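As structure tokens, the structure follows; a few thoughts come after it.
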Amino acid sequence: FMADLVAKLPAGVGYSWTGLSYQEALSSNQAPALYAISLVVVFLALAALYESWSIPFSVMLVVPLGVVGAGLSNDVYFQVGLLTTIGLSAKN
Amino acid sequence: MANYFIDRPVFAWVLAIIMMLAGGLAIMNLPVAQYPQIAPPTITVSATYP
Amino acid sequence: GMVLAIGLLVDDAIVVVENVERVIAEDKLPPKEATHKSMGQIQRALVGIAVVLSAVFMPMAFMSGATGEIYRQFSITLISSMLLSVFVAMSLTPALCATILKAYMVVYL
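Residue numbers (UniProt numbering), protein chains in the order written: chain A, 841 to 910, 918 to 939; chain B, 1 to 50; chain C, 397 to 499, 539 to 544.
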């Protein structure tokens with residue numbers, strides 16, 4: 841919203857983020873790719889142990905539908928905490 | 001050690017696929033060059049005296 | 397990281413001790429030879445799970461980036477975690493138990 845506000849300012853005026861905002865911007869613009877590759881890795885993890893679509897790993901094949909179904920957000924720690932919760936349920 | 005993998009077949013296949021993934025990422029993202037960088041490092045000093 | 401690594405250790409130890417205790421209670425056997433008999437039943441995934449987790453976390457540490465360095469604080473501690481777990485479950489607990497043990540899809544949606 842502040843970016844659009846600056847877009848409303850007269851021409852010749854730019855903007856940039858520094859400190860914490862720059863770090864979060866650098867995380868966010870590359871977060872989807874790393875999250876996708878981590879999801880692929882964890883899918884291989886939940887596809888290699890019970891030998892392929894054997895018994896449960898075919899129902900974990902339905903997990904991506906639940907993931908896509910899932918403005919409220921979550922912090923960086925909880926994004927790995929959800930994966931760890933999935934892993935601990937898998938181990939259970 | 002073979003019996004460890006014979007009774008667990010598709011896991012070796014999974015390892016093969018992750019080897020393909022690593023190799024593809026390496027061959028794509030590496031500074032691929034036609035020839036080895038045999039050229040020694042060079043330091044250039046420039047000064048101007050109008 | 398190591399906090400999440402804590403919970404994956406006790407399972408193997410408790411399985412080992414329950415097997416040892418059932419063996420001694422059934423055979424009236426001293427703990428040493430009972431344990432020596434005891435490994436030939438549970439040689440299964442408890443090591444294989446650690447092996448698989450180490451394998452899946454193996455190629456995460458070869459890519460760079462600040463977010464990658466952050467993820468190392470999880471990945472390296474995890475691989476060390478199951479490596480220590482597979483060491484301890486086959487090394488330490490047997491010695492103890494030998495030396496101390498006295499004689539709906541919509542519902543999921």
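C-beta atoms are modelled at their ideal positions from N, C-alpha and C, and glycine is treated no differently.
Span separating the alpha-carbon of residue i from that of residue j
{"i": "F925/A", "j": "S856/A", "result": "28 Å"}
{"i": "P31/B", "j": "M456/C", "result": "20 Å"}
{"i": "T463/C", "j": "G909/A", "result": "26 Å"}
{"i": "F453/C", "j": "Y467/C", "result": "11 Å"}
{"i": "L442/C", "j": "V927/A", "result": "24 Å"}
{"i": "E891/A", "j": "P9/B", "result": "8 Å"}
{"i": "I475/C", "j": "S450/C", "result": "5 Å"}
{"i": "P427/C", "j": "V484/C", "result": "19 Å"}
{"i": "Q37/B", "j": "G23/B", "result": "21 Å"}
{"i": "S477/C", "j": "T931/A", "result": "14 Å"}
{"i": "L866/A", "j": "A885/A", "result": "28 Å"}
{"i": "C493/C", "j": "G461/C", "result": "46 Å"}
{"i": "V448/C", "j": "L404/C", "result": "14 Å"}
{"i": "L874/A", "j": "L901/A", "result": "20 Å"}
{"i": "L905/A", "j": "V899/A", "result": "11 Å"}
{"i": "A409/C", "j": "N415/C", "result": "10 Å"}
{"i": "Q870/A", "j": "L879/A", "result": "14 Å"}
{"i": "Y49/B", "j": "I43/B", "result": "20 Å"}
{"i": "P40/B", "j": "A876/A", "result": "40 Å"}
{"i": "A12/B", "j": "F5/B", "result": "7 Å"}
Neighbour flag for residue i against chain A, beta carbons, 8 Å
{"i": "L492/C", "result": "no"}
{"i": "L404/C", "result": "yes"}
{"i": "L480/C", "result": "no"}
{"i": "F5/B", "result": "no"}
{"i": "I18/B", "result": "yes"}
{"i": "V32/B", "result": "no"}
Three-state secondary structure (DSSP) of residue i
{"i": "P904/A", "result": "helix"}
{"i": "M435/C", "result": "coil"}
{"i": "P427/C", "result": "helix"}
{"i": "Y543/C", "result": "helix"}
{"i": "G23/B", "result": "helix"}
{"i": "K848/A", "result": "coil"}
{"i": "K938/A", "result": "helix"}
{"i": "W13/B", "result": "helix"}
{"i": "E891/A", "result": "coil"}
{"i": "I402/C", "result": "helix"}
Proximity test, Cβ basis, 8 Å: residue i and chain B
{"i": "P455/C", "result": "yes"}
{"i": "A888/A", "result": "yes"}
{"i": "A485/C", "result": "no"}
{"i": "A446/C", "result": "no"}
{"i": "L884/A", "result": "yes"}
{"i": "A441/C", "result": "no"}
{"i": "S878/A", "result": "no"}
Neighbour flag for residue i against chain C, beta carbons, 8 Å
{"i": "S868/A", "result": "no"}
{"i": "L901/A", "result": "no"}
{"i": "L15/B", "result": "yes"}
{"i": "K848/A", "result": "no"}
{"i": "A22/B", "result": "yes"}
{"i": "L874/A", "result": "yes"}
{"i": "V853/A", "result": "no"}
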